[PDB]
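In structure tokens, one chain follows: the form deposited without the named molecule.
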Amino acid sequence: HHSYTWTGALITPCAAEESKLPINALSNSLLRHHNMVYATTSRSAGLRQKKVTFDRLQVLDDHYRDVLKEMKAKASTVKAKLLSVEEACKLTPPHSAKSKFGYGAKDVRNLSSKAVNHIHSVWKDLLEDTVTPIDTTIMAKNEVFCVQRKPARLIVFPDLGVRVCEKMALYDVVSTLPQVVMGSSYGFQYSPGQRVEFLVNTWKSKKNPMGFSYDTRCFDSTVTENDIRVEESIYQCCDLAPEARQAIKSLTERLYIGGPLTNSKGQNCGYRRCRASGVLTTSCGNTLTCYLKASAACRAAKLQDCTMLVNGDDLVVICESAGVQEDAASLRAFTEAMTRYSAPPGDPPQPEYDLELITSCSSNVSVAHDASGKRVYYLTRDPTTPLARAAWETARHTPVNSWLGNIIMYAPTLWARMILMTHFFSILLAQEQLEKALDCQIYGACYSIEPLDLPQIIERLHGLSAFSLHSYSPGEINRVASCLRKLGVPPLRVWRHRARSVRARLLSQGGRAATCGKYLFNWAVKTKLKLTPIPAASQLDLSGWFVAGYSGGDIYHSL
């Protein structure tokens, strides 16, 4: 019952890899301690293979089955539709991994006969073959981090022709079923502010609030064949077309459960018997299995009024405290249960009685004040990784601009406004690329966004308060200040100074550019403006922005 088996072939790169932070003329103005930023590469794939390769054991008791039966009863009320080959295609990212059968993402999006005929041949093979394992490619992701060096993560994905077929049979399911089964516990249905809201209201629901985060040690590797089959049984509970049921069954047996691993060179690296990180059901699967295991664990551990918030493999639990002494005990029992369900923790979970001290989705709740001086809760996080990535994207263009994604998700934060906004807008101005659409990610899905619409976007997601927050918490202030010293990032006084400059320049521009300068940097000027609502704000269709998670799902939404 090992998560993986390796032949011995190395996981090879499909192009040149950079580990050292690239440096240009704009680098120093943002970060000076360059040697602290790095990117993971193949050179460490070997190290990761050892950490994710182990034997999984499972003991399923009555609590587990009782929770599963409840989840299935809700799943039965779901009606999912089959997507046409045309629809699935328009959901394919413009720069997704090209197929090894004579066509690419560009051909898919354009509905090229070659790509369409191949996708149809794959779909037919799926309905007729429910046993032959589907091939997958294993790659070492190139992610940027700040020292303390972690080994590169592994991404496993099937050929483009298959990815389009997954969408057709499962897109609607992974987009609607999660919220029906888990209700308010499904995290991907909330925007940053809504997540904070649900968290605060829940915490205030308990007489004596007690919460903790649960970090599983390499969740994907703990996912067993049983878990993947249970996932399929839940999908099958939905009202689906017979053709969709067949495809879902086939994808499960042939791909989701396991399959052979092939490096970029074409060599078999081994076999997978755990969760594939690069399939459409990765987010939904991880969320359903994590919610199922934790729900049962809360019953085994005897937690009281346990409310959960699940986002893929990330779990948050808020319940009624029974005393600092009991909490610690129950929590330990919870862990044991989870472990028995094949979900061992990497780091021992610790009970918290302070909301702001609980970190989930790499983020935490915090408080600041708006113009009126009213206390306002917002979602923030440790800026280390976001800044390290900003340094990299400062000297190197990337497929996904994290700085943009981060601004959108953390616009109300001190670090995002003060540094990310000031820095990147300064650059956009110098290159006159303000109206140039850029790609970023939100819950794993890829979105094309124009920097000039940021003000309207932020208003819709966070509210005008995002443009006037001040007097942050000491805890937040120190964490930001510390990170700045660590990386060697200029102080507030510097950014404020640069912001007035960028602001004055944006105003001069006029139109959307003036709007950006007025709302995004109003915090820099001594004489703050009124900052009223924005007209075109409600013109964008931010519908599918916060519905579900698609991490590794190769999903693209044309905004």
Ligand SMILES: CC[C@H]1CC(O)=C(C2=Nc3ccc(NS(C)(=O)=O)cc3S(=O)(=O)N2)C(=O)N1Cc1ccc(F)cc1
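The first residue of the shown sequence is 1; numbering continues from there.
Counting the deposited residues that fall between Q148 and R149 and carry no coordinates gives a value of 4 to 9. Comparing 245-253 with 297-305, the higher mean C-alpha B-factor in the PDB entry belongs to 297-305. For the pair 486-494 and 66-74, the record assigns the higher mean C-alpha temperature factor to 486-494. Per the deposited record, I534 carries the highest C-alpha B-factor of all listed residues (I534, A499, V59, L520). Of the candidates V324, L420, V180, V365, the deposited coordinates give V324 the top C-alpha B factor. Among the modelled residues of the chain, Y377 sits in the middle third by CA temperature factor in this PDB entry. Ranked by C-alpha B-factor against the other modelled residues of its chain, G549 falls in the lowest third. When the modelled residues of the chain are ordered by C-alpha B-factor, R229 sits in the lowest third. Placement of the Cα temperature factor of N401 within the chain: middle third of the modelled residues, per the deposited record.
Ranked by C-alpha B-factor against the other modelled residues of its chain, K79 falls in the lowest third.
This protein has a second form, the form solved in complex with the named molecule, left out of what is shown; the following refers to that one.
Contact annotation for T92: none of its heavy atoms lies within 4.5 Å of the named molecule in the entry with it bound. Taking the partner from the other structure, the named molecule in the entry with it bound has no heavy atom within 4.5 Å of any heavy atom of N226. The named molecule is not shown here, but in the entry with it bound it comes within 4.5 Å of a heavy atom of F188. When contacts are judged by a 4.5 Å heavy atom cut-off, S551 counts as touching the named molecule in the entry with it bound. A heavy atom within 4.5 Å of the named molecule in the entry with it bound is found for one listed residue only; from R272, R254, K167, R195, this is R195.
The contact with the named molecule in the entry with it bound, taken as any heavy atom within 4.5 Å, belongs to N406 out of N406, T136, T307, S99.
Only one segment in the set 111-119, 435-443, 81-89, 172-180 has any non-hydrogen atom within 4.5 angstroms of the named molecule in the entry with it bound, and it is 435-443.
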